[PDB]
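Source file: structure17.cif. Holds: mmCIF, N, CA and C atoms.
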```
data_entry
#
loop_
_atom_site.label_atom_id
_atom_site.label_comp_id
_atom_site.auth_asym_id
_atom_site.auth_seq_id
_atom_site.Cartn_x
_atom_site.Cartn_y
_atom_site.Cartn_z
N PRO A 1639 -80.54 -21.05 -7.59
CA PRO A 1639 -79.97 -21.21 -8.94
C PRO A 1639 -78.67 -22.04 -9.02
N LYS A 1640 -77.74 -21.81 -8.11
CA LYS A 1640 -76.48 -22.56 -8.12
C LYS A 1640 -76.74 -24.05 -8.37
N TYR A 1641 -77.67 -24.65 -7.63
CA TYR A 1641 -77.96 -26.09 -7.73
C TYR A 1641 -78.36 -26.57 -9.13
N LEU A 1642 -79.00 -25.71 -9.92
CA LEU A 1642 -79.27 -26.06 -11.31
C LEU A 1642 -77.96 -26.10 -12.07
N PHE A 1643 -77.16 -25.05 -11.91
CA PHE A 1643 -75.88 -24.93 -12.60
C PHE A 1643 -74.92 -26.07 -12.29
N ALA A 1644 -75.13 -26.72 -11.15
CA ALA A 1644 -74.33 -27.86 -10.75
C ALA A 1644 -74.75 -29.15 -11.49
N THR A 1645 -75.48 -28.99 -12.60
CA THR A 1645 -75.86 -30.12 -13.44
C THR A 1645 -74.97 -30.14 -14.68
N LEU A 1646 -74.30 -29.03 -14.92
CA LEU A 1646 -73.58 -28.83 -16.17
C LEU A 1646 -72.08 -29.08 -16.05
N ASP A 1647 -71.35 -28.55 -17.02
CA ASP A 1647 -69.91 -28.53 -16.98
C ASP A 1647 -69.53 -27.08 -16.91
N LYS A 1648 -68.38 -26.77 -16.31
CA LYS A 1648 -67.82 -25.42 -16.39
C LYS A 1648 -67.85 -24.99 -17.86
N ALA A 1649 -67.77 -25.98 -18.73
CA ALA A 1649 -67.91 -25.77 -20.16
C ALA A 1649 -69.18 -24.98 -20.44
N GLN A 1650 -70.32 -25.63 -20.20
CA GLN A 1650 -71.63 -25.07 -20.51
C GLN A 1650 -71.90 -23.83 -19.69
N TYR A 1651 -71.86 -23.98 -18.38
CA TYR A 1651 -72.18 -22.89 -17.48
C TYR A 1651 -71.47 -21.60 -17.88
N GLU A 1652 -70.19 -21.69 -18.23
CA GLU A 1652 -69.40 -20.49 -18.52
C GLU A 1652 -69.67 -19.95 -19.92
N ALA A 1653 -70.35 -20.76 -20.72
CA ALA A 1653 -70.79 -20.35 -22.05
C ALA A 1653 -72.13 -19.63 -21.97
N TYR A 1654 -72.96 -20.09 -21.03
CA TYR A 1654 -74.24 -19.45 -20.69
C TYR A 1654 -73.98 -18.12 -19.98
N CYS A 1655 -73.00 -18.11 -19.09
CA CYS A 1655 -72.64 -16.90 -18.35
C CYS A 1655 -72.31 -15.73 -19.26
N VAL A 1656 -71.92 -16.01 -20.50
CA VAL A 1656 -71.58 -14.94 -21.43
C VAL A 1656 -72.81 -14.42 -22.16
N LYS A 1657 -73.73 -15.33 -22.49
CA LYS A 1657 -75.00 -14.95 -23.10
C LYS A 1657 -75.79 -14.03 -22.17
N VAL A 1658 -75.88 -14.44 -20.91
CA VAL A 1658 -76.60 -13.70 -19.88
C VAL A 1658 -76.18 -12.23 -19.83
N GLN A 1659 -74.88 -11.97 -19.71
CA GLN A 1659 -74.38 -10.61 -19.56
C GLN A 1659 -74.51 -9.75 -20.81
N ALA A 1660 -74.68 -10.39 -21.96
CA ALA A 1660 -75.00 -9.67 -23.19
C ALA A 1660 -76.44 -9.18 -23.10
N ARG A 1661 -77.34 -10.06 -22.66
CA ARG A 1661 -78.74 -9.70 -22.44
C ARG A 1661 -78.89 -8.55 -21.46
N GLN A 1662 -78.25 -8.68 -20.31
CA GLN A 1662 -78.27 -7.63 -19.28
C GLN A 1662 -77.89 -6.25 -19.85
N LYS A 1663 -77.17 -6.22 -20.95
CA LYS A 1663 -76.77 -4.95 -21.50
C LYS A 1663 -77.78 -4.42 -22.50
N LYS A 1664 -78.51 -5.33 -23.15
CA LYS A 1664 -79.64 -4.93 -23.98
C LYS A 1664 -80.75 -4.48 -23.05
N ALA A 1665 -80.98 -5.27 -22.00
CA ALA A 1665 -82.02 -4.97 -21.04
C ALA A 1665 -81.74 -3.64 -20.38
N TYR A 1666 -80.49 -3.41 -20.00
CA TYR A 1666 -80.09 -2.15 -19.38
C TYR A 1666 -80.38 -0.99 -20.32
N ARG A 1667 -79.98 -1.14 -21.58
CA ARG A 1667 -80.22 -0.08 -22.57
C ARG A 1667 -81.71 0.22 -22.68
N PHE A 1668 -82.50 -0.83 -22.78
CA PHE A 1668 -83.93 -0.70 -22.97
C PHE A 1668 -84.57 0.07 -21.83
N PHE A 1669 -84.35 -0.40 -20.61
CA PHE A 1669 -84.93 0.19 -19.41
C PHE A 1669 -84.68 1.69 -19.30
N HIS A 1670 -83.44 2.11 -19.51
CA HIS A 1670 -83.14 3.54 -19.42
C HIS A 1670 -83.73 4.35 -20.57
N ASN A 1671 -83.69 3.78 -21.76
CA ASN A 1671 -84.37 4.37 -22.90
C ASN A 1671 -85.87 4.50 -22.65
N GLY A 1672 -86.45 3.47 -22.03
CA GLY A 1672 -87.88 3.43 -21.74
C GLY A 1672 -88.33 4.33 -20.60
N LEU A 1673 -87.55 4.41 -19.52
CA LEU A 1673 -87.83 5.32 -18.41
C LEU A 1673 -87.93 6.77 -18.86
N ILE A 1674 -86.99 7.16 -19.71
CA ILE A 1674 -86.93 8.52 -20.21
C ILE A 1674 -88.07 8.82 -21.19
N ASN A 1675 -88.28 7.90 -22.13
CA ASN A 1675 -89.21 8.12 -23.24
C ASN A 1675 -90.59 7.50 -23.05
N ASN A 1676 -90.82 6.88 -21.90
CA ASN A 1676 -92.12 6.31 -21.57
C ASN A 1676 -92.54 5.13 -22.43
N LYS A 1677 -91.62 4.19 -22.63
CA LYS A 1677 -91.90 3.05 -23.48
C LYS A 1677 -91.35 1.78 -22.90
N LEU A 1678 -91.61 1.54 -21.62
CA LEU A 1678 -91.30 0.24 -21.03
C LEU A 1678 -92.34 -0.75 -21.55
N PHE A 1679 -93.42 -0.21 -22.10
CA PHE A 1679 -94.48 -1.01 -22.71
C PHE A 1679 -94.61 -0.65 -24.18
N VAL A 1680 -94.38 -1.63 -25.04
CA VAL A 1680 -94.63 -1.45 -26.45
C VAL A 1680 -95.75 -2.38 -26.87
N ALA A 1681 -96.85 -1.78 -27.29
CA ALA A 1681 -97.98 -2.55 -27.75
C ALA A 1681 -97.68 -3.06 -29.14
N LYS A 1682 -97.88 -4.36 -29.35
CA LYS A 1682 -97.72 -4.94 -30.68
C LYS A 1682 -98.95 -4.67 -31.52
N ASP A 1683 -98.73 -4.23 -32.76
CA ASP A 1683 -99.83 -3.96 -33.68
C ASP A 1683 -100.14 -5.17 -34.55
N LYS A 1684 -99.26 -5.46 -35.51
CA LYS A 1684 -99.41 -6.66 -36.33
C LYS A 1684 -98.79 -7.89 -35.65
N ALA A 1685 -99.37 -9.06 -35.89
CA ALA A 1685 -98.78 -10.31 -35.43
C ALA A 1685 -97.51 -10.60 -36.25
N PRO A 1686 -96.75 -11.63 -35.86
CA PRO A 1686 -95.48 -11.92 -36.54
C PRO A 1686 -95.65 -12.35 -38.00
N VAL B 935 -65.22 7.83 -23.50
CA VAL B 935 -64.15 8.74 -23.12
C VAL B 935 -62.93 8.45 -24.00
N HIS B 936 -62.64 7.17 -24.20
CA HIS B 936 -61.51 6.76 -25.02
C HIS B 936 -61.64 7.19 -26.47
N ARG B 937 -62.81 6.91 -27.05
CA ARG B 937 -63.09 7.22 -28.45
C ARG B 937 -63.05 8.73 -28.72
N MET B 938 -63.37 9.52 -27.69
CA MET B 938 -63.32 10.97 -27.80
C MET B 938 -61.87 11.38 -27.98
N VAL B 939 -61.02 10.87 -27.10
CA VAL B 939 -59.59 11.11 -27.19
C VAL B 939 -59.04 10.67 -28.55
N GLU B 940 -59.41 9.46 -28.97
CA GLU B 940 -58.95 8.92 -30.25
C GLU B 940 -59.23 9.85 -31.44
N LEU B 941 -60.36 10.55 -31.39
CA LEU B 941 -60.84 11.29 -32.55
C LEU B 941 -60.66 12.80 -32.43
N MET B 942 -59.99 13.25 -31.36
CA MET B 942 -59.80 14.69 -31.16
C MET B 942 -58.38 15.02 -30.73
N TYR B 943 -57.61 13.98 -30.42
CA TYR B 943 -56.20 14.13 -30.07
C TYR B 943 -55.34 13.25 -30.99
N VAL B 944 -54.51 13.89 -31.80
CA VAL B 944 -53.64 13.17 -32.73
C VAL B 944 -52.41 12.66 -32.02
N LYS B 945 -52.37 11.35 -31.80
CA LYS B 945 -51.31 10.68 -31.06
C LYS B 945 -49.90 11.10 -31.45
N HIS B 946 -49.57 10.93 -32.73
CA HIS B 946 -48.20 11.09 -33.21
C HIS B 946 -47.75 12.55 -33.31
N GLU B 947 -48.60 13.47 -32.87
CA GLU B 947 -48.22 14.88 -32.84
C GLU B 947 -48.37 15.46 -31.44
N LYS B 948 -49.03 14.71 -30.57
CA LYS B 948 -49.25 15.12 -29.19
C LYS B 948 -49.96 16.48 -29.08
N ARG B 949 -51.04 16.64 -29.83
CA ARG B 949 -51.81 17.88 -29.78
C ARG B 949 -53.29 17.61 -29.95
N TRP B 950 -54.11 18.46 -29.33
CA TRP B 950 -55.55 18.44 -29.57
C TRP B 950 -55.88 19.29 -30.79
N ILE B 951 -56.89 18.88 -31.54
CA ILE B 951 -57.27 19.61 -32.75
C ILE B 951 -57.71 21.03 -32.40
N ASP B 952 -58.01 21.24 -31.12
CA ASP B 952 -58.42 22.54 -30.59
C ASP B 952 -58.67 22.43 -29.09
N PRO B 953 -58.15 23.40 -28.32
CA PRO B 953 -58.31 23.40 -26.86
C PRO B 953 -59.75 23.11 -26.41
N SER B 954 -60.71 23.63 -27.16
CA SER B 954 -62.13 23.43 -26.86
C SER B 954 -62.51 21.95 -26.84
N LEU B 955 -62.05 21.20 -27.84
CA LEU B 955 -62.37 19.77 -27.93
C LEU B 955 -61.73 18.99 -26.78
N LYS B 956 -60.64 19.54 -26.25
CA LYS B 956 -60.00 18.95 -25.09
C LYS B 956 -60.95 19.14 -23.92
N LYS B 957 -61.45 20.36 -23.81
CA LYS B 957 -62.39 20.70 -22.75
C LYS B 957 -63.59 19.78 -22.83
N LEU B 958 -64.12 19.60 -24.03
CA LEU B 958 -65.21 18.68 -24.27
C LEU B 958 -64.93 17.33 -23.62
N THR B 959 -63.97 16.60 -24.18
CA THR B 959 -63.60 15.30 -23.64
C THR B 959 -63.43 15.38 -22.12
N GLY B 960 -62.84 16.47 -21.64
CA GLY B 960 -62.61 16.64 -20.22
C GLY B 960 -63.91 16.70 -19.43
N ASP B 961 -64.86 17.47 -19.94
CA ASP B 961 -66.15 17.64 -19.28
C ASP B 961 -66.91 16.32 -19.18
N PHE B 962 -67.08 15.64 -20.31
CA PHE B 962 -67.78 14.37 -20.29
C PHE B 962 -67.15 13.43 -19.27
N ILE B 963 -65.82 13.45 -19.18
CA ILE B 963 -65.09 12.64 -18.20
C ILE B 963 -65.66 12.92 -16.83
N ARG B 964 -65.59 14.20 -16.46
CA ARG B 964 -66.16 14.70 -15.22
C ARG B 964 -67.55 14.11 -15.02
N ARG B 965 -68.35 14.13 -16.08
CA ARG B 965 -69.70 13.60 -16.03
C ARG B 965 -69.65 12.14 -15.60
N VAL B 966 -68.82 11.35 -16.28
CA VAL B 966 -68.73 9.93 -15.99
C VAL B 966 -68.32 9.73 -14.56
N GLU B 967 -67.49 10.66 -14.07
CA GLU B 967 -67.14 10.69 -12.66
C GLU B 967 -68.41 10.72 -11.83
N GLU B 968 -69.12 11.84 -11.94
CA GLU B 968 -70.33 12.09 -11.17
C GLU B 968 -71.31 10.92 -11.24
N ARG B 969 -71.49 10.36 -12.42
CA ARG B 969 -72.40 9.24 -12.59
C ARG B 969 -72.04 8.11 -11.62
N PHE B 970 -70.74 7.94 -11.38
CA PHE B 970 -70.29 6.78 -10.62
C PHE B 970 -69.84 7.05 -9.18
N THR B 971 -69.89 8.30 -8.76
CA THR B 971 -69.72 8.62 -7.35
C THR B 971 -71.10 8.76 -6.70
N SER B 972 -71.20 8.39 -5.42
CA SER B 972 -72.49 8.45 -4.75
C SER B 972 -72.42 8.99 -3.32
N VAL B 973 -71.28 9.58 -2.97
CA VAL B 973 -71.17 10.31 -1.71
C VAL B 973 -70.54 11.68 -1.95
N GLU B 974 -71.01 12.67 -1.21
CA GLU B 974 -70.51 14.02 -1.39
C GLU B 974 -69.12 14.15 -0.79
N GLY B 975 -68.38 15.16 -1.23
CA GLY B 975 -67.09 15.46 -0.65
C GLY B 975 -65.92 15.07 -1.53
N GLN B 976 -65.95 13.85 -2.06
CA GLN B 976 -64.87 13.37 -2.92
C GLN B 976 -64.65 14.33 -4.07
N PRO B 977 -63.41 14.82 -4.22
CA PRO B 977 -63.10 15.75 -5.31
C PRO B 977 -62.86 15.02 -6.63
N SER B 978 -62.71 15.79 -7.71
CA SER B 978 -62.48 15.22 -9.03
C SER B 978 -61.02 14.80 -9.20
N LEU B 979 -60.81 13.77 -10.02
CA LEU B 979 -59.47 13.30 -10.33
C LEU B 979 -58.94 14.09 -11.51
N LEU B 980 -59.83 14.89 -12.09
CA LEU B 980 -59.48 15.82 -13.14
C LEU B 980 -59.84 17.21 -12.63
N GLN B 981 -58.93 17.78 -11.85
CA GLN B 981 -59.18 19.06 -11.21
C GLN B 981 -58.80 20.22 -12.13
N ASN B 982 -57.89 19.95 -13.07
CA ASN B 982 -57.50 20.93 -14.08
C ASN B 982 -57.33 20.25 -15.43
N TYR B 983 -57.87 20.87 -16.48
CA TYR B 983 -57.82 20.28 -17.82
C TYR B 983 -56.41 20.25 -18.37
N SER B 984 -55.48 20.80 -17.60
CA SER B 984 -54.07 20.74 -17.93
C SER B 984 -53.61 19.28 -18.08
N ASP B 985 -54.35 18.37 -17.44
CA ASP B 985 -54.00 16.95 -17.42
C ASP B 985 -54.17 16.31 -18.77
N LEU B 986 -55.17 16.77 -19.52
CA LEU B 986 -55.49 16.16 -20.80
C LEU B 986 -54.50 16.59 -21.88
N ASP B 987 -53.49 17.37 -21.50
CA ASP B 987 -52.43 17.73 -22.44
C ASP B 987 -51.72 16.47 -22.95
N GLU B 988 -51.15 15.70 -22.03
CA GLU B 988 -50.80 14.32 -22.33
C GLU B 988 -51.88 13.44 -21.73
N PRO B 989 -52.89 13.13 -22.55
CA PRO B 989 -54.21 12.62 -22.17
C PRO B 989 -54.18 11.13 -21.92
N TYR B 990 -53.96 10.38 -22.99
CA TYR B 990 -54.00 8.93 -22.96
C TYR B 990 -53.26 8.32 -21.76
N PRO B 991 -52.14 8.95 -21.31
CA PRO B 991 -51.48 8.53 -20.05
C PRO B 991 -52.36 8.69 -18.80
N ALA B 992 -52.88 9.90 -18.59
CA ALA B 992 -53.60 10.26 -17.37
C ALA B 992 -55.09 9.89 -17.36
N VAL B 993 -55.71 9.85 -18.54
CA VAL B 993 -57.12 9.48 -18.65
C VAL B 993 -57.41 8.10 -18.06
N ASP B 994 -56.52 7.16 -18.37
CA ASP B 994 -56.66 5.77 -17.93
C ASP B 994 -56.66 5.72 -16.41
N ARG B 995 -55.91 6.64 -15.81
CA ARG B 995 -55.84 6.74 -14.35
C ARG B 995 -57.18 7.13 -13.72
N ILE B 996 -57.85 8.12 -14.31
CA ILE B 996 -59.14 8.59 -13.82
C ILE B 996 -60.21 7.53 -14.01
N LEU B 997 -60.30 7.03 -15.24
CA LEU B 997 -61.19 5.91 -15.58
C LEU B 997 -60.98 4.69 -14.69
N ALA B 998 -59.81 4.63 -14.07
CA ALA B 998 -59.45 3.53 -13.21
C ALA B 998 -60.16 3.64 -11.86
N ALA B 999 -60.25 4.85 -11.33
CA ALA B 999 -60.83 5.07 -10.01
C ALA B 999 -62.35 4.90 -10.01
N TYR B 1000 -62.89 4.59 -11.19
CA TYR B 1000 -64.31 4.35 -11.32
C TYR B 1000 -64.47 3.08 -12.13
N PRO B 1001 -64.37 1.95 -11.44
CA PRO B 1001 -64.33 0.60 -11.99
C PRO B 1001 -65.44 0.35 -13.00
N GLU B 1002 -66.67 0.42 -12.51
CA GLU B 1002 -67.85 0.08 -13.28
C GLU B 1002 -67.93 0.86 -14.59
N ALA B 1003 -67.22 1.98 -14.67
CA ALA B 1003 -67.27 2.84 -15.85
C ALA B 1003 -66.82 2.11 -17.10
N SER B 1004 -66.28 0.92 -16.92
CA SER B 1004 -65.82 0.11 -18.03
C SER B 1004 -66.74 -1.10 -18.15
N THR B 1005 -67.59 -1.28 -17.15
CA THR B 1005 -68.51 -2.41 -17.09
C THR B 1005 -69.86 -2.18 -17.77
N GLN B 1006 -70.42 -0.98 -17.59
CA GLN B 1006 -71.77 -0.68 -18.06
C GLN B 1006 -71.85 0.50 -19.05
N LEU B 1007 -72.89 0.48 -19.88
CA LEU B 1007 -73.00 1.40 -21.01
C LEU B 1007 -73.52 2.76 -20.55
N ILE B 1008 -73.63 3.71 -21.49
CA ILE B 1008 -74.08 5.05 -21.16
C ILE B 1008 -75.52 4.99 -20.73
N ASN B 1009 -75.82 5.62 -19.59
CA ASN B 1009 -77.19 5.85 -19.17
C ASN B 1009 -77.85 6.65 -20.27
N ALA B 1010 -79.05 6.24 -20.67
CA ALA B 1010 -79.72 6.88 -21.79
C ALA B 1010 -79.72 8.42 -21.67
#
```
Rewrite the structure from the file as structure tokens, please.
Amino acid sequence: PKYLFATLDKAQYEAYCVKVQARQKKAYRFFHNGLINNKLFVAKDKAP
Amino acid sequence: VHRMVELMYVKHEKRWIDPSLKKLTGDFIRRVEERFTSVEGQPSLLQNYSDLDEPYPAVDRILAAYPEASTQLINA
């Protein structure tokens, strides 16, 4: 991964680095909520 | 842990709305401790709830010895 990031600017990379860690916290919330309640899989009913 | 203190300990009077609510905040703290320790033997940094009398001073100290406790959200 580092080698991809070496295409950008500290500008971009460090702006992406913030998006990532926000996701990791939604993902973290989801996983623990799902482990407990048995919903790591949500079947979609209606299309968008 | 912080928000508990904020809403159960009145800063400008230096008192808890009730000893029980102090115990509450204290217990959950202990919990956050346990969540973030992973070897047996290490004792609690809150060995007596007497500490939460002047809370906001000492709470930060306990929360300090468990770094990640400020990094990640509550386990479901």
Please identify the helix (DSSP H, G or I) residues within chain A (assignment by DSSP from backbone atoms) and present them as a PyMOL selection string.
chain A and resi 1640-1643+1648-1675
How close does chain B get to chain A? List, as CSV, each residue of chain B within 8 Å, its nearest atom pair and the distance in Å to one decimal, counting all atoms listed in the file.
```
residue,atom,partner,partner_atom,distance
B:1006,CA,A:1663,CA,7.4
B:1007,N,A:1663,CA,6.9
B:1008,C,A:1667,CA,7.2
B:1009,C,A:1670,CA,6.2
B:1010,CA,A:1670,C,4.9
```
Gap from atom N of residue 956 of chain B to atom N of residue 1001 of chain B - Å, one decimal:
23.3 Å
Assuming 5 Å of padding per side, give the centre and edge lengths of the axis-aligned box around every listed atom of segment 999-1007 of chain B, in Å to one decimal and as AutoDock Vina command-line options.
```
--center_x -66.9 --center_y 1.3 --center_z -15.5 --size_x 23.3 --size_y 17.5 --size_z 21.0
```
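Taking atom C of residue 966 of chain B as the reference point, atom C of residue 940 of chain B is found at 19.2 Å.
Across the model, the gap from atom CA of residue 968 of chain B to atom CA of residue 984 of chain B is 19.6 Å.
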From the block you just saw, export segment 986-1004 of chain B: N, CA, C and O atoms, as a JSON list (two decimals), in the first residue's frame.
```
[["chain", "number", "residue", "atom", "x", "y", "z"],
["B", 986, "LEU", "N", -13.27, 9.40, 43.64],
["B", 986, "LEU", "CA", -14.21, 10.13, 42.81],
["B", 986, "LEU", "C", -14.84, 11.31, 43.56],
["B", 986, "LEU", "O", -15.70, 12.01, 43.02],
["B", 987, "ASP", "N", -14.41, 11.52, 44.80],
["B", 987, "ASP", "CA", -14.87, 12.69, 45.56],
["B", 987, "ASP", "C", -14.47, 13.98, 44.83],
["B", 987, "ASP", "O", -15.32, 14.79, 44.46],
["B", 988, "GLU", "N", -13.17, 14.16, 44.61],
["B", 988, "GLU", "CA", -12.72, 15.12, 43.62],
["B", 988, "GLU", "C", -12.33, 14.34, 42.38],
["B", 988, "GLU", "O", -11.20, 13.87, 42.25],
["B", 989, "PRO", "N", -13.30, 14.18, 41.47],
["B", 989, "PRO", "CA", -13.35, 13.21, 40.38],
["B", 989, "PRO", "C", -12.54, 13.66, 39.19],
["B", 989, "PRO", "O", -11.52, 13.05, 38.87],
["B", 990, "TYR", "N", -13.01, 14.72, 38.55],
["B", 990, "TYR", "CA", -12.42, 15.24, 37.33],
["B", 990, "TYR", "C", -10.89, 15.32, 37.38],
["B", 990, "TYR", "O", -10.24, 15.10, 36.35],
["B", 991, "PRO", "N", -10.30, 15.63, 38.56],
["B", 991, "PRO", "CA", -8.84, 15.55, 38.73],
["B", 991, "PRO", "C", -8.25, 14.14, 38.55],
["B", 991, "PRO", "O", -7.34, 13.95, 37.73],
["B", 992, "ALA", "N", -8.79, 13.17, 39.30],
["B", 992, "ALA", "CA", -8.26, 11.81, 39.36],
["B", 992, "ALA", "C", -8.73, 10.88, 38.25],
["B", 992, "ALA", "O", -8.03, 9.94, 37.89],
["B", 993, "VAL", "N", -9.93, 11.11, 37.73],
["B", 993, "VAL", "CA", -10.48, 10.30, 36.64],
["B", 993, "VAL", "C", -9.57, 10.28, 35.41],
["B", 993, "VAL", "O", -9.34, 9.23, 34.79],
["B", 994, "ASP", "N", -9.06, 11.47, 35.07],
["B", 994, "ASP", "CA", -8.21, 11.65, 33.91],
["B", 994, "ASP", "C", -6.96, 10.80, 34.05],
["B", 994, "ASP", "O", -6.40, 10.31, 33.05],
["B", 995, "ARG", "N", -6.52, 10.64, 35.30],
["B", 995, "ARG", "CA", -5.34, 9.83, 35.61],
["B", 995, "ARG", "C", -5.56, 8.34, 35.28],
["B", 995, "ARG", "O", -4.70, 7.69, 34.69],
["B", 996, "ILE", "N", -6.72, 7.81, 35.66],
["B", 996, "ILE", "CA", -7.06, 6.41, 35.42],
["B", 996, "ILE", "C", -7.24, 6.16, 33.94],
["B", 996, "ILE", "O", -6.64, 5.24, 33.38],
["B", 997, "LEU", "N", -8.08, 6.98, 33.32],
["B", 997, "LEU", "CA", -8.29, 6.97, 31.87],
["B", 997, "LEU", "C", -6.98, 7.08, 31.07],
["B", 997, "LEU", "O", -6.91, 6.72, 29.88],
["B", 998, "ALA", "N", -5.96, 7.59, 31.74],
["B", 998, "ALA", "CA", -4.66, 7.79, 31.13],
["B", 998, "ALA", "C", -3.91, 6.46, 31.00],
["B", 998, "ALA", "O", -3.27, 6.20, 29.99],
["B", 999, "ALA", "N", -4.02, 5.63, 32.03],
["B", 999, "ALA", "CA", -3.28, 4.37, 32.07],
["B", 999, "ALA", "C", -3.86, 3.34, 31.10],
["B", 999, "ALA", "O", -3.36, 2.22, 30.98],
["B", 1000, "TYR", "N", -4.91, 3.74, 30.41],
["B", 1000, "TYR", "CA", -5.54, 2.87, 29.42],
["B", 1000, "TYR", "C", -5.75, 3.71, 28.17],
["B", 1000, "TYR", "O", -6.82, 4.24, 27.93],
["B", 1001, "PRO", "N", -4.69, 3.82, 27.38],
["B", 1001, "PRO", "CA", -4.58, 4.69, 26.20],
["B", 1001, "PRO", "C", -5.77, 4.55, 25.27],
["B", 1001, "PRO", "O", -6.53, 5.50, 25.06],
["B", 1002, "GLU", "N", -5.92, 3.35, 24.72],
["B", 1002, "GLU", "CA", -6.91, 3.07, 23.70],
["B", 1002, "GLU", "C", -8.32, 3.46, 24.14],
["B", 1002, "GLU", "O", -9.20, 3.65, 23.30],
["B", 1003, "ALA", "N", -8.53, 3.59, 25.45],
["B", 1003, "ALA", "CA", -9.86, 3.89, 25.99],
["B", 1003, "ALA", "C", -10.39, 5.21, 25.47],
["B", 1003, "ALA", "O", -11.55, 5.55, 25.68],
["B", 1004, "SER", "N", -9.53, 5.96, 24.78],
["B", 1004, "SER", "CA", -9.92, 7.24, 24.22],
["B", 1004, "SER", "C", -9.92, 7.11, 22.71],
["B", 1004, "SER", "O", -10.39, 7.99, 21.99]]
```
